[PDB]
Every structure is written in structure tokens, then in C-alpha cells.
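So here's one chain in two forms, each on its own in C-alpha cells, numbered structure 1 and structure 2.
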Structure 1
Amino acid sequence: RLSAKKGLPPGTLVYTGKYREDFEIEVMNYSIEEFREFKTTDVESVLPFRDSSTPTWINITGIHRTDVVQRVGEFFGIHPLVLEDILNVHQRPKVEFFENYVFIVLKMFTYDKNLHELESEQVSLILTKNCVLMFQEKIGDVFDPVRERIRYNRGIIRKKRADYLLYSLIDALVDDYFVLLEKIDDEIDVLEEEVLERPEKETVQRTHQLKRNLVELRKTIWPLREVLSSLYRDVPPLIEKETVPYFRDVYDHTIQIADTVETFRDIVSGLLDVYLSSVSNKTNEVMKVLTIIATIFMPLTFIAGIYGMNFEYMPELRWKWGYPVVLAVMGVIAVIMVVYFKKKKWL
């Protein structure tokens, strides 16, 4: 649905999603010398990290409880419109800058190969001082490599500020986009083989489903470029100048993703025309068989009915082996017609 909270005053916090079973808060406070993982359920536990002098990543998983979202927004001084956009799942991807924080909305996709279904989960990021606020709808992320790099000093993650953490999260989400593109390409290949080899109604239904999935994916990806371009080109006070080249790299990755998705869309658009051409080829093979049979057997039955009329004046009184000679004529006609079809390469 898209008409949720239609008759509501602005800023009303209503969840418009299909996930109401999960809730957990994970806090990963890390510094240059140490980190401290922490998972909790109480909202009040994460509030003291608002003024912590070290980078903090509070990940609120499960936003069906609007009370947690409202409490966090009130403590961190977030405008209610930003909160109602956080809880609105069907929001377009966007980036918005304020005086004291940066508000970002993204989408991460789950794919199912068994049932050709594309699912999207909206993930929102708020970058306040040295803190990144994260909201999700269900258990399961794409930032586990970021978590691991925080846990073990694999990179420069604990040496930098919160803007680098925001970079890490955006980069992981774009990496999932690359993986999903790989999976979609695999399904493109299998469906192309299906179309070219054996056309069926299931084939056209799968092609339509794939077309819908690609149009949804394209609609999602194009605002992502605008988000990243806004992120690195125009500097807000919340993002240090040393992180700009990284955001530029992610923008280039989004460029690649958009080009790839456009190629996929072109292929899917050609798929149904290829399907119609293949079905025409099959029915033309059937046509060729029918034409060959008719071509052989109508002239022979014509000359078998012309000898067999009831006229009583033909020289049928054993002219010169009438039945054998007419059978020889039958065979000669059939052989020459088969030779003609072989020359034309039908048979």
C-alpha cells in the first residue's frame, strides 16, 4: 500500500511495514585502542552514547516499535518529519543535511532464486557528531564485514571518525548491490536459454516477473547516485575532507551499477520479441511439414482421381500397363518433388 497515514497530521509516527516480530539494539562502541560490543533491549541504555567522545554505532533493528524511534529522536534532537520518514518504508532513497546531523535513507535487497521474488528493506542512517544511528526492519544485515573489521583491526576503521563508519556502511550496501546484480544476471542467462530453446507460458510469466523486478531495481538505483553525489561533492560540516575520495569511489561504483542495470533492462526488453520469433520458428517447422505433405499428396491424388472417372471413352483397356504406368508416374512426381524440397533445404 501507498496511502498509509493519508489523513494524519504531519510528523505522526506510524509504521508502514510488514515486519513486527523482531526487536534488538546492538551497540558497537570502538576507539583507537579498544572496542566494547553490547546488545540490549532498553532504549535508555544507548542514550548516554549521545555525548561519548568515541565513534559509536547504535543499530536499532526492528522499528515496528515507534516508541524506541521517538525516544531516540527526541534525545538526539531529530526533527519529527525525519522520524516519520524513517518509519515510512516506501520512501524514496534520499539524503538530507541539517545543522547538527545528516539524514540518509537507503534500500538493501534480498533475492530468492527458488521463487523469483525481489524484496527490499529500508535502512536509515543518522550521522550525529561522533555517532551513526541505524534503523532497520528485521534481523539480517549486509554490514557484517564492517562489524568484523571493527572487531579485529583489519583496516583503518577504528583510527577514523564517524564519517568513515558511514562510508563503511554505504560501501557494504553497494557491495550487496553488486552481488544482487550477479544473481540477476544468472537469471537473465537461464531465462534467455529458456526463451531460445523451449518457449512456454511459464517462460512468459517468468519474463514478466523479471521485467517487474528490473523496473523496481532501476527505480531504486537511480536516486542512489544522487545521494552519493550529494554526499561527496558538497561538503557539510559533519563530513571531514579526508573521507571525500572514499565517497567518490562509492559514487563510481553506483555509476557502474546503473550502467549494468540498463544493460539488463535492454536484454529483458528484447526477451519477449525473441520469444515470439522462436514460437514463429516452431510453427513454421510445423508449416513446412504440412506443406511438404500437401505438395506430395494432392497432385498424386488428383492423377489418381482422373484415372478413376466414370467416362467410358478413355483407352483404359490395358493401354500399356495402365496401372503400372500410372504408379510409375506417381513415383516420378513424388521423387522430383522430394528432390525439389531437398534442394530448397526444407527436408
Structure 2
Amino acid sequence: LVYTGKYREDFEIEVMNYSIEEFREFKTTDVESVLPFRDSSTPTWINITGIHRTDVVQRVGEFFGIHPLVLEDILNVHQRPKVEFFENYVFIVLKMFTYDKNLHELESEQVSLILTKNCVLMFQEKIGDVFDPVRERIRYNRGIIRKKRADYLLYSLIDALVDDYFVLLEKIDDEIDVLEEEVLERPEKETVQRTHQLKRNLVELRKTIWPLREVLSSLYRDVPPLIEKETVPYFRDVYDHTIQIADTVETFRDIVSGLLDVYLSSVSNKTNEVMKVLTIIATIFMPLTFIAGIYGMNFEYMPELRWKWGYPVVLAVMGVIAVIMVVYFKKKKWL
């Protein structure tokens, strides 16, 4: 089992076991002390922060009776979101993103969800998440997270992911807002680089969001025994949120493509500008240079030895040729 991801530092096993009136939450690096949490009838949420720690994920998969294929899927971070249903558990692969305002680079983190009998396993590359609201809801009885079973918890996790997607969409929205007017007013290579980077970010966004909406469609339209029938409208709401995200991504992509289209329009005239500048300099200096060359040869008994200040006369004739040429230039609508 090889780990494609680049995060190989953090390993925290965070267990959250809640009931109708009881709760227990703790983080530890030991796995034999948290494997039997699935035995209890109280729904449990396990979060394994180490996928680079292959031994612990292999052991927990063996203890939970999940096929090694899904372990290989968990290890392979570079993937598209997907869902599979087996008679004993449901395995989903999703992705989180973070966007840096200062450095406009969109980076990703794989997330693996495994809904087993009355518990859920979670696999995340690095510390720093978007599921803290779910933890607060479990802690403070803010919502109905404690009353319902584990399928509602999978719903809440997916909802938190979609909320993070909305936040990232807001960030990309104001980035487009500034960049559009920046390009329309002050085009420069920085604007082109920004627009290309934004286009690539939107590419990654759509390539991740369409599989997500397919996954959600499979989650609610299909009727597996793992998730209760009463949890289907919540998944429908998440599916509609994904529709919102996809439509917004489409609009943003269209706008950015239009920006590139309008930028690349004036390529055919900067070449003419360079044409003009180079031809002016060459045309007005090469004849001057060869006049200098003519009067620079070493010759014996050459005619223009001393004829009334030969140097000023030669310079004057050369300047006359130069001014003739520049007058021709200004006459022929160049510069």
C-alpha cells in the first residue's frame, strides 16, 4: 500500500462517541484502544489523520472487515470523488480545498468516509478541517445530530464539505470581481498569469464538483440498507447545493474564458509595433553607419583628403540623408 500524498507528519486518532444523553470525545495515537468502539450500539465517529501511517489504516481496515481494495483507494489521494456500496458498508471519496488570497493557489486534501454498522471511519491527510461545526453540534446538542444514527452524521459531514465549497466559491467570486476590471483597465502579464491560474483553479473545481453531485445522486436516489429511508431529503438538499455550486462554476468558467478571448485579440498589432520600431531604427542608422564606413577606410591618395573640413561636410550630408528618411517615415504613417 503506497501513499501518493505529500503529508507525512501528523497522526491523530480522534474518537467521538455520542448517544441520546451521553458523549465521549478524545484524541489518541493508539489504535488498539479505539478499535472496539464499533462494538457499542452508540454511533461512533473515528477520524484517522494518518494515511501515510499505512500500518494503522491497514489494521483498522482489517478490524472493521473492509476489503483491501478500499484501503488502496484510501491511500491513493490523487483521485476523483466516488461512492461504492457493499452489503456491509458504504465507502465514499471526497475532496476539500483551501484557497490562499495572497498566493492565488488552490490546493486539495483527500477525505475518505466509510459508513459501517452504526459507526463511521474518516481518513484525512493533515490536521485542519471543515467539520468543526459537526463536532460542536455533537458537543452542545445544538441540532438533532445526537438523536439520529450514523447516516445523519455522514449527511452532516457532507453538508460541511458543501459549506466549505460555498465559502471557496465566494473567494473565487471576489477574485473574479477584481480581476475582470483589472484586465479591462490595466492589462499586463500579471493579469494574464492571474487569469490562467484562475482558469486552472476552476478546472479543478468543476472536475471535482461534477463527481460530487453524481455521488450525492447515488446517495439519495438509491436505497441502500446502510442509510435509513428517512435521511433521503437531507441528501436531496445537499444534491441541490451541489447543483448550485456546479452552475456557479460554469458561470465563472465562461467569464474567465471570455477574459482570455478578449485579451488574446490584439496579438496582431504588437507585432506591427515591433515591426515599426525596428525598421525605423535600422532604416535611419544603417545608411549612416555605411557613410561612416566609407569615410573610415585606410586608403592612399584618396580624393577627400582635405576639402574644406571634410568631417563636417560628411556629417552634414549624412544628417541630410537621415532627416530625409525620418521625414519619409513620418509621411508614411509610421510612428
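All residue numbers here refer to structure 1's sequence, counted from 1. Just so we're on the same page, rigid core means the largest C-alpha set that superposes within 1.5 Å between forms. Only residues modelled in both forms are compared.
Annotation: the position in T40, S31, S280, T66 displaced by at least 2 Å at CA between the two structures, with the core superposed, corresponds to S280.
Treated as two rigid parts, the chain shows its smaller part rotated by 42° relative to the larger one between the two structures, based on C-alpha superpositions. The shift recorded for the CA atom of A304 between the two structures is 30.8 Å, with superposition on the rigid core.
After superposition on the rigid core, the Cα atom of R50 is displaced by 1.9 Å between the two structures. After superposition on the rigid core, only one stretch of three or more consecutive residues whose Cα atoms move by at least 2 Å between the two structures is found, at 273 to 347.
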